[PDB]
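Following: one structure in structure tokens, then a few remarks.
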Ligand SMILES: OC[C@@H]1O[C@@H](O)[C@H](O)[C@H]1O
Ligand SMILES: OC[C@@H]1O[C@@H](O)[C@H](O)[C@H]1O
Ligand SMILES: OC[C@@H]1O[C@@H](O)[C@H](O)[C@H]1O
Ligand SMILES: OC[C@@H]1O[C@@H](O)[C@H](O)[C@H]1O
Ligand SMILES: OC[C@@H]1O[C@@H](O)[C@H](O)[C@H]1O
Ligand SMILES: OC[C@@H]1O[C@@H](O)[C@H](O)[C@H]1O
Ligand SMILES: OC[C@@H]1O[C@@H](O)[C@H](O)[C@H]1O
Ligand SMILES: OC[C@@H]1O[C@@H](O)[C@H](O)[C@H]1O
Ligand SMILES: OC[C@@H]1O[C@@H](O)[C@H](O)[C@H]1O
Ligand SMILES: OC[C@@H]1O[C@@H](O)[C@H](O)[C@H]1O
Ligand SMILES: OC[C@@H]1O[C@@H](O)[C@H](O)[C@H]1O
Ligand SMILES: OC[C@@H]1O[C@@H](O)[C@H](O)[C@H]1O
Ligand SMILES: OC[C@@H]1O[C@@H](O)[C@H](O)[C@H]1O
């Protein structure tokens, strides 16, 4: 009833490196007090929190999304460039804060270079214009003599930033968004912005706004599916119950398959190979204010491990994903003036991203399954999932072919699971198992106790067949050879 | 590389018995000269062709759809009831033929009763009205003193017919349909007709029209997803090329998953458990006239075996399917005045429905796969399929738990496959393999040679592990006592 | 009659009109009713006039005295359907769709 079979010689498909993306919005203390804090003793002279930097570098961010989120739909990017003391203070409608614009495009790009991430910029389609977006693109990517390319040089960067990922609006369907649009308006607008941005720089990838309204999605695909590269999906989940939280990995799975099928049903989109960008996702159900400082526990970190494992298996369909968000706001990392906490959501990335290959290999998993009905998100919406596995895994190998990584999530709350594992043609060797778990499903890290939830390692002896006991509510990578 | 592991003690889900249903339209010689031929030396006292009747009983039809198809969207069911001599001759717009109406509701129900099939009636939403559909339903199902219930009694049938399946229109999106509608029109009308019909008889199942247009499907699910029970899907396929034909089993599979996910995306539909009725499907690509006598070959019968195995594994999403059509028109069975021909499409049904269980059990298949880019249907539309298997299987067990059926399709065009099969906890014993096969991919049965493509039986010995050599382009059922 | 507010006895009808046409040597040109009429009703008029087979309305023309088809060549698909004075008047989109529908099925029955 439980077992795992891996064939390292059978490569199924690449795993897109962008599944491990992140997102920082100008919301609460995400940016100001989070990644950035002028005159914190913990910041360098650019204002970057150095302790945050060290934690972000450790999870090897492939791409970073900015600046929103709801914020970008009332953000004018030119307010954020040039001599800092000359930048206007603006009232942000989305989260109802004064915004000083001291963190703006050039500082965001500097932050990306620092951490090694590809910038992923979202444009303003609420109060912004086509010209305004093309100017932002020209500023970042232009290598000619246009005014905004010159302006980037004048402000201290001769070389183009080459921003590759551009988000065509944020959540333009929602009544909460400034300048929100109907399906027809947004679909025509997404086609218009995308096609002209691509006339200026044909190398960019454009992410168009998707949601759960299947008519919305289809209008977007029908109208813009000849020029866009992704349609985005946002997924937020969770409740006080353990199984109700972690099972929604498998709800997310069905949601994604649905969006994929929509793409399949629009010839031009199916033919260009439009894909999905899961560009916002996390647990989010406890907090509902303008700071969103959700206190993640181990339960939430197991959900996060389950998503990363899922994306390794589905990255051909969903090559771009971005946890919402990096710091403080729905934060993987929580900061205080005098330190930081690494939540179990952070730990999920610290585990998977440091123990994972570039190619997915044939993995066949035997598992008991369960059915569940629960609630999710801040409004406690009911959902159900059928046949969610208690045990799930994905095996990957490194580019060179020297290392095998078997990630295993044991969702069982109540019991450890002894699992026979088979690996075809594997010698008999030593391997390290890295395990994320904690003392109970509501365990948390604090300033006082920063490692209640942490990754432990043990050496084990491995063969073509072997068994391993996986603790309850845990995720482990068996790193071999 | 190729292998099959079955666990007969792990029951995955039931297999809906309605996946093997059939469809007879008033099209060309499907009815007149097909199932029904008044005065033929081959017909009984009701005018039913007896040779056809024997062939239809052999495939254990679980439900039979009638009378269309494009036909029904200009059919007035009252034209086909009462003393046959007084039924009016009509010009059928769909297929441009005079319809004498000598085969109508009472004859159809009698036909269904004779073959043991549940009737499935489509209603006319092209030229018909709400009243007219209500009256048809009252005639068939009314147990009271209403005019139409009394009329059914008067014409010789006191007991109500209890027709369970009702088709809410046919292909109402297509410009070829008489009275075709926009999506918003049809979605509102489907809601209106279904809801009042269920006020008269809450026990019926309503099938609403779906297609390949996702906006159409979603209007229908959004507007009527609170009252309909199924959304229908039609699937026609085929080309001259062997792989282009059989691989579209797997195009269908993705089309179905598509429509299922549309249902998932409409909360009222999803919560009501709205399913798919694949209520027309076949190979159709050679003939384009008003008679549609598509000359099915073995390649086409292999596509059909592939669909039935697929439906065994997906019947929880697609519990109702109907091959189009039973006789002559896209015909599984082809008739002439002096006999009939069983096509390999008919043989697919002969094989699977006689050798299959009621519950699907755990079946893991190893198979090499292939990708293809082809054309399909009379207009040769391009399609592509990714990772179609060369080998597929579904294992099922009988209701009592005492017979195992392992259906296996070898799609390879040229080579036999010796496949290792494991059945968990099986003793060593004898079993029978029933195999639908023929000499080449284009083989056909004829009047002169009715058995070129047919089902063979042989004893083999099985055990917990055994092997069997499966002919190329063949389907087999290994039937085992447990 | 709603259009001219008169009692219409119908003592002059299709058969008398055709007979009048044959008397004067004119091709009949018949306008159909798209106000209170239906597609079936138009098709039945056409079948009565032009059918040469065994359809109910062809037989009906024979029963009333005229075994040979009338072969009416000109059919008016509606009259002034845009006008508010017309019974059952239509918008452009409604009339356009209906004209296509009536015309195409009438021509399936008689393509001449
Ligand atoms: O991540 C918080 C908010 O979630 C989504 O509703 C918005 O795009 C973002 O501003
Ligand atoms: O803000 C998170 C939201 O919950 C869903 O309704 C919104 O569309 C999704 O983006
Ligand atoms: O109820 C709204 C919830 O917000 C979204 O992320 C969840 O998917 C949606 O179901
Ligand atoms: O094969 C299972 C799912 O159905 C397909 O359409 C999706 O691409 C895939 O992830
Ligand atoms: O498993 C833990 C990760 O692997 C190491 O390289 C990272 O620094 C460490 O945190
Ligand atoms: O501690 C875990 C770190 O990640 C591993 O890859 C490093 O070698 C190991 O020391
Ligand atoms: O739910 C599907 C049903 O399961 C079987 O028991 C019935 O015969 C079949 O029609
Ligand atoms: O079965 C042939 C025709 O195919 C479909 O187009 C129609 O519903 C049916 O009349
Ligand atoms: O008649 C078969 C047809 O080809 C497809 O476009 C139609 O919708 C389908 O019903
Ligand atoms: O021309 C298209 C073919 O008719 C339909 O049945 C096929 O599915 C459709 O793709
Ligand atoms: O047939 C099983 C299909 O696989 C999944 O991708 C769909 O949700 C489910 O209907
Ligand atoms: O395998 C063929 C079928 O099994 C027997 O009952 C059927 O009559 C026979 O034709
Ligand atoms: O002939 C094959 C028929 O199918 C079986 O069930 C019958 O016994 C067998 O004779």
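Protein chains in written order, with PDB author numbering: chain D, 2 to 482; chain A, 2 to 483; chain B, 93 to 204. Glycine is no exception: its CB is placed at the ideal position from the N, C-alpha and C atoms.
Strand pairing of residue i, partner residues [DSSP]
i, result
"residue 467 (chain A)", "A:422"
"residue 98 (chain D)", "D:93"
"residue 476 (chain D)", "D:410 and D:437"
"residue 215 (chain A)", "Residue 215 (chain A) pairs with nothing; no bridge assigned."
"residue 50 (chain A)", "A:44"
"residue 156 (chain D)", "DSSP, once it has assigned bridges, lists no residue as partnering residue 156 (chain D)."
"residue 66 (chain A)", "A:24 and A:121"
"residue 167 (chain A)", "A:122 and A:207"
"residue 455 (chain D)", "D:438"
"residue 144 (chain D)", "None; residue 144 (chain D) has no bridge partner."
"residue 324 (chain D)", "D:23 and D:282"
"residue 6 (chain D)", "D:365 and D:423"
Residue-level contact to chain B via CB, residue i, 8 Å cutoff
i, result
"residue 103 (chain A)", "no"
"residue 89 (chain A)", "yes"
"residue 223 (chain A)", "no"
"residue 453 (chain A)", "no"
"residue 79 (chain A)", "no"
"residue 92 (chain A)", "yes"
"residue 99 (chain A)", "yes"
Member of the options whose CA lies at the smallest distance from the CA of residue i
i, options, result
"residue 183 (chain D)", "D:196, D:210 and D:157", "D:210"
"residue 477 (chain A)", "A:119, A:351 and A:372", "A:351"
"residue 6 (chain A)", "A:107, A:240, A:406 and A:423", "A:423"
"residue 282 (chain A)", "A:20, A:100 and A:15", "A:20"
"residue 359 (chain D)", "D:49, D:329, D:334 and D:395", "D:395"
"residue 97 (chain D)", "D:393, D:115, D:66 and D:76", "D:76"
"residue 131 (chain A)", "A:297, A:197, A:458 and A:9", "A:197"
"residue 209 (chain B)", "B:165, B:140, B:169 and B:192", "Outside the displayed span of chain B (93 to 204) sits residue 209 (chain B), for which this structure offers no information."
"residue 462 (chain A)", "A:69, A:444, A:447 and A:433", "A:433"
"residue 89 (chain A)", "B:195, B:167, B:200 and B:145", "B:145"
"residue 243 (chain D)", "D:418, D:29, D:417 and D:377", "D:377"
Contact check, residue i vs residue j, beta carbons under 8 Å
i, j, result
"residue 311 (chain A)", "residue 254 (chain A)", "yes"
"residue 454 (chain D)", "residue 320 (chain D)", "no"
"residue 451 (chain D)", "residue 411 (chain D)", "no"
"residue 99 (chain A)", "residue 106 (chain B)", "no"
"residue 309 (chain A)", "residue 405 (chain A)", "no"
"residue 24 (chain D)", "residue 323 (chain D)", "yes"
"residue 216 (chain A)", "residue 191 (chain A)", "no"
"residue 95 (chain A)", "residue 125 (chain A)", "no"
"residue 307 (chain A)", "residue 393 (chain A)", "yes"
"residue 284 (chain A)", "residue 265 (chain A)", "no"
Below-8 Å beta-carbon distance, residue i vs any chain D residue
i, result
"residue 215 (chain A)", "yes"
"residue 5 (chain A)", "no"
"residue 219 (chain A)", "yes"
Chain A within 8 Å of residue i, Cβ atoms only
i, result
"residue 241 (chain D)", "no"
"residue 262 (chain D)", "yes"
"residue 147 (chain B)", "yes"
"residue 259 (chain D)", "yes"
"residue 265 (chain D)", "yes"
"residue 255 (chain D)", "yes"
"residue 164 (chain B)", "no"
Practice task
Any chance you could list the alpha helix (DSSP H) runs of at least 4 consecutive residues sitting entirely within the stretch 338-416 of chain A, in chain order?
Solution key: 345-355
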